[PDB]
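The file coords-v3.json contains JSON, C-alpha atoms:
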```
[["chain", "number", "residue", "atom", "x", "y", "z"],
["P", 1, "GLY", "CA", 28.85, -9.93, 11.03],
["P", 2, "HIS", "CA", 28.26, -9.27, 7.32],
["P", 3, "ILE", "CA", 25.96, -6.99, 5.23],
["P", 4, "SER", "CA", 26.34, -6.95, 1.40],
["P", 5, "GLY", "CA", 24.28, -7.67, -1.78],
["P", 6, "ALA", "CA", 23.35, -4.29, -3.34],
["P", 7, "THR", "CA", 24.51, -4.46, -7.00],
["P", 8, "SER", "CA", 24.17, -6.68, -10.16],
["P", 9, "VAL", "CA", 26.18, -7.62, -13.32],
["P", 10, "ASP", "CA", 23.95, -5.53, -15.64],
["P", 11, "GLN", "CA", 23.13, -1.82, -16.16],
["P", 12, "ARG", "CA", 21.01, 0.33, -18.53],
["P", 13, "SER", "CA", 21.40, 3.94, -17.33],
["P", 14, "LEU", "CA", 23.59, 6.01, -14.95],
["P", 15, "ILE", "CA", 20.82, 5.59, -12.27],
["P", 16, "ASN", "CA", 19.76, 1.94, -12.75],
["P", 17, "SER", "CA", 18.06, 1.75, -9.31],
["P", 18, "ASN", "CA", 19.85, 4.44, -7.33],
["P", 19, "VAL", "CA", 16.93, 6.64, -6.36],
["P", 20, "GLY", "CA", 13.15, 6.58, -6.91],
["P", 21, "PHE", "CA", 11.07, 4.17, -4.81],
["P", 22, "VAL", "CA", 12.03, 1.01, -2.89],
["P", 23, "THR", "CA", 9.64, -1.63, -1.54],
["P", 24, "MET", "CA", 9.65, -2.65, 2.14],
["P", 25, "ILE", "CA", 8.61, -5.91, 3.75],
["P", 26, "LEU", "CA", 6.56, -6.39, 6.95],
["P", 27, "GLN", "CA", 6.79, -9.47, 9.20],
["P", 28, "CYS", "CA", 4.30, -10.36, 11.94],
["P", 29, "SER", "CA", 3.70, -13.44, 14.16],
["P", 30, "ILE", "CA", -0.12, -12.97, 13.80],
["P", 31, "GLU", "CA", -2.66, -13.42, 11.03],
["P", 32, "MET", "CA", -3.57, -10.11, 9.42],
["P", 33, "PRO", "CA", -7.32, -10.61, 8.52],
["P", 34, "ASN", "CA", -7.24, -6.88, 7.60],
["P", 35, "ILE", "CA", -4.49, -4.56, 6.39],
["P", 36, "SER", "CA", -5.02, -2.05, 9.28],
["P", 37, "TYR", "CA", -2.94, -4.34, 11.56],
["P", 38, "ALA", "CA", 0.31, -3.30, 9.85],
["P", 39, "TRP", "CA", -0.60, 0.39, 9.37],
["P", 40, "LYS", "CA", -1.38, 0.90, 13.08],
["P", 41, "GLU", "CA", 2.09, -0.40, 14.02],
["P", 42, "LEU", "CA", 3.86, 1.95, 11.59],
["P", 43, "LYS", "CA", 1.58, 4.82, 12.75],
["P", 44, "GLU", "CA", 2.70, 4.01, 16.37],
["P", 45, "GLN", "CA", 6.46, 4.48, 15.57],
["P", 46, "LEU", "CA", 6.66, 6.82, 12.50],
["P", 47, "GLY", "CA", 3.81, 8.92, 13.96],
["P", 48, "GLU", "CA", 0.26, 8.67, 12.65],
["P", 49, "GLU", "CA", 1.03, 11.01, 9.72],
["P", 50, "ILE", "CA", 2.39, 8.33, 7.44],
["P", 51, "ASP", "CA", -0.70, 7.51, 5.28],
["P", 52, "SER", "CA", -0.14, 10.34, 2.76],
["P", 53, "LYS", "CA", 3.30, 8.82, 2.07],
["P", 54, "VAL", "CA", 2.84, 5.21, 0.87],
["P", 55, "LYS", "CA", 1.55, 3.53, -2.32],
["P", 56, "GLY", "CA", -0.74, 0.48, -2.72],
["P", 57, "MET", "CA", 0.20, -1.76, 0.25],
["P", 58, "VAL", "CA", -0.29, -5.43, -0.77],
["P", 59, "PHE", "CA", -0.45, -8.75, 1.17],
["P", 60, "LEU", "CA", 2.54, -11.10, 1.52],
["P", 61, "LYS", "CA", 2.27, -14.90, 1.36],
["P", 62, "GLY", "CA", 1.09, -16.71, 4.51],
["P", 63, "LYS", "CA", -1.13, -13.62, 5.25],
["P", 64, "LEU", "CA", 1.52, -13.11, 8.04],
["P", 65, "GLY", "CA", 2.90, -9.99, 6.34],
["P", 66, "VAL", "CA", 2.32, -7.15, 3.89],
["P", 67, "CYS", "CA", 4.65, -5.07, 1.67],
["P", 68, "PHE", "CA", 4.46, -1.55, 0.22],
["P", 69, "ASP", "CA", 6.46, 1.00, -1.83],
["P", 70, "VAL", "CA", 7.89, 4.26, -0.46],
["P", 71, "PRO", "CA", 10.14, 6.88, -2.16],
["P", 72, "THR", "CA", 13.90, 6.23, -1.66],
["P", 73, "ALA", "CA", 14.21, 9.49, 0.34],
["P", 74, "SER", "CA", 11.63, 8.17, 2.86],
["P", 75, "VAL", "CA", 12.97, 4.53, 2.64],
["P", 76, "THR", "CA", 16.01, 5.87, 4.54],
["P", 77, "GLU", "CA", 13.73, 7.81, 6.98],
["P", 78, "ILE", "CA", 11.72, 4.77, 8.13],
["P", 79, "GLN", "CA", 14.56, 2.44, 9.18],
["P", 80, "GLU", "CA", 16.12, 5.16, 11.36],
["P", 81, "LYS", "CA", 12.62, 6.03, 12.68],
["P", 82, "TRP", "CA", 11.89, 2.33, 13.53],
["P", 83, "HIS", "CA", 12.87, 0.11, 16.48],
["P", 84, "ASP", "CA", 12.53, -3.66, 15.91],
["P", 85, "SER", "CA", 9.81, -5.06, 18.14],
["P", 86, "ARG", "CA", 8.47, -8.08, 20.13],
["P", 87, "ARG", "CA", 6.45, -9.38, 17.11],
["P", 88, "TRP", "CA", 6.84, -6.82, 14.31],
["P", 89, "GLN", "CA", 10.00, -6.55, 12.24],
["P", 90, "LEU", "CA", 10.63, -4.38, 9.17],
["P", 91, "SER", "CA", 12.75, -5.27, 6.12],
["P", 92, "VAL", "CA", 13.72, -3.51, 2.83],
["P", 93, "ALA", "CA", 13.91, -4.64, -0.81],
["P", 94, "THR", "CA", 17.08, -5.81, -2.58],
["P", 95, "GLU", "CA", 16.16, -3.58, -5.59]]
```
Reformat the file's structure so that it appears as structure tokens.
Amino acid sequence: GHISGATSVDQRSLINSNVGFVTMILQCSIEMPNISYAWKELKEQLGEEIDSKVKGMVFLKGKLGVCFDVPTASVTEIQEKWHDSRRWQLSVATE
């Protein structure tokens, strides 16, 4: 077991990345010919009232994923309010 990698060797201000927004990463084992594929899965597990609370979701490479930005407060909501699934997995940004 190991989990690290949340820091750099550079800083500008006394909140370089600490709070604001953080991107998340979506993985599927199906082609997403539309973006609704991802949204419906989140809306199944976070409850349907999630679409006031995201920014411009964009398509990952392969077309077998998407990514989007949420506020850091809600970044920490989602991964407690998610259970990894039989095809869908969720990931979070490094910064």
| message | Using all atoms listed in the file, list the residues that have an atom at most 8 Å from (10.1, 5.6, 1.3), coordinates as in the file, as number ranges by chain. | response | P: 21-23, 53-54, 69-78
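With CA of residue 83 in chain P on one side and CA of residue 67 in chain P on the other, the separation reads 17.7 Å.
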| task | For CA of residue 57 in chain P and CA of residue 18 in chain P, determine how far apart the two atoms are, in Å to one decimal place. | result |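 So the answer is 22.0 Å.
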| Pick the closest to residue 55 in chain P from P:68, P:41, P:19, P:26: which is it, counting all atoms listed in the file? |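 Closest residue, counting all atoms listed in the file: P:68.
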| message | Measuring between all atoms listed in the file, which one of P:58, P:11, P:20, P:49 shows the shortest distance to residue 32 in chain P? | response | P:58
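Distance annotation: of P:91, P:63, P:86, P:17, the residue with the minimal separation from residue 30 in chain P is P:63; atom set is only C-alpha atoms.
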| request: Using CA of residue 88 in chain P and CA of residue 7 in chain P as the two end points, give the distance in Å to one decimal. | output: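 That distance, rounded to one decimal, is 27.8 Å.
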| field | Selected residue, from P:12, P:2, P:38, P:52, that lies nearest to residue 25 in chain P when counting all atoms listed in the file | value | P:38
Around all listed atoms of range 46-59 of chain P, padded 5 Å per side, what centre and edge lengths does the axis-aligned box have in Å to one decimal, as AutoDock Vina command-line options?
```
--center_x 3.0 --center_y 1.1 --center_z 5.6 --size_x 17.4 --size_y 29.8 --size_z 26.7
```
| task | List every protein, DNA or RNA residue with an atom no more than 10 Å from (-6.9, -2.3, 0.3) in the file's coordinates, counting only C-alpha atoms, and format the result as a ChimeraX atom specification. | result | /P:34-36,56-59
| said: Between P:44, P:10, P:31, P:95, which residue has the minimum interatomic distance to residue 60 in chain P, considering all atoms listed in the file? | reply: P:31
| task | Please provide the set of residues having any atom within 9 Å of residue 82 in chain P, restricted to all atoms listed in the file, with same-chain residues fewer than 6 positions apart removed, written as a PyMOL selection string. | result | chain P and resi 42+45-46+90
